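As structure tokens, one chain now follows by itself in the form deposited in one PDB entry.
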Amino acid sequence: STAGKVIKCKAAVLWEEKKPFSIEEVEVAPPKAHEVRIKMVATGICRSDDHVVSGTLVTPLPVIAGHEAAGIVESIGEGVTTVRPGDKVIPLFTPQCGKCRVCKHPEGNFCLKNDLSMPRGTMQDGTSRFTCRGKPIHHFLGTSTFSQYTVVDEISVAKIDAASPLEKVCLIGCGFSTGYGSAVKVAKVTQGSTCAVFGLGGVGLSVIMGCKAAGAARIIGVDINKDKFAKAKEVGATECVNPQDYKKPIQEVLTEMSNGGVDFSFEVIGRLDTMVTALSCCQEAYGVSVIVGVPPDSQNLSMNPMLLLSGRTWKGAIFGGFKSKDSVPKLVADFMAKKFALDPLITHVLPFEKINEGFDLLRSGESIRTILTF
């Protein structure tokens, strides 16, 4: 009934920075060759979406944001082979083209077709499928999930189990997989190790899940909001510390607590200072620190390279280092097999029309993940 036709539907359009989303009617073009049009079922509110609002993350405006989601294929363009109308799917904000040097490399996941490094806010072919009040609207990360319908390139979508609960597994599209993979795949946390996790939001809690799954003996949560500590302990933190409680820098505190530095630290906030602190608190000869948070655009940190010369390793990753199209269906299968839990991350479930209220909960510190339902 809609295949081949322009769809008019509701989306949340961001017309300019530092404004509420506008919930209004948009036109969604049909998919061109190698494109997929998805009916959205559920989408999470990630801090990275708020970064677009705040100007922390720069991407062309006006835009349809949203990148953590799940939905059902409405139609496919010519030449699509990996999904069919009716399939449950998760959009992939890091694509997997399968052809580039990164996709071919055993470790890399930051596919060269990404729209992260040099954001264009379009489909692969450099155009947009969205119109609103007669004006073209940009895509975001090739996904644009804050809309009843989106169009994505085939390399930016994965088919998942037909029985999966979309209102939970949307989190595999960003927050859960990013944190969990940062621990198990990027850091490669070891059994019996001591971990420090800076930032106890949806992503940091998922890092904790991964550290516990990996067998860490101690997992120290760090957050300036002590209301975040109870849930961090539920999912595996052994101890939580608030930097504001101490008269000395928290890297010194964590170094003392761990009798000379932690084995693994994770920055899961997005601040230059905590990136350096998290590096410093890992053991100087063999510690590993992983940057997960997204910092403000175009700002450099300052650090003393002796922190590295003694033996520390510093790395970062997008999407937990997971090759996105290969990994997403397997993560959903693992969820269906009860290998990990997603409910601990979900604090609020709201209709899509309450998107602004959902962002206000995040900004105020009150929520972990709000899932919006279409």
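The numbering used is simple: start at 1 and walk along the sequence shown. Rigid core: the largest C-alpha set superposing within 1.5 Å between the two forms.
Not pictured, yet referred to below: the form deposited in another entry.
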item	value
Core-superposed comparison between this form and the one not shown: the option from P249, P165, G77, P85 whose CA moves 2 angstroms or more	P249
Core-aligned CA displacement of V184 at least 2 Å between this form and the one not shown	no
C-alpha of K104 off by 2 Å or more between this form and the one not shown on rigid core	no
Flag for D297, CA shift 2 Å or larger between this form and the one not shown after aligning core	yes
Cα-Cα trend for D125 and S298, given that in the other entry the distance shifts by 3 Å or more	farther
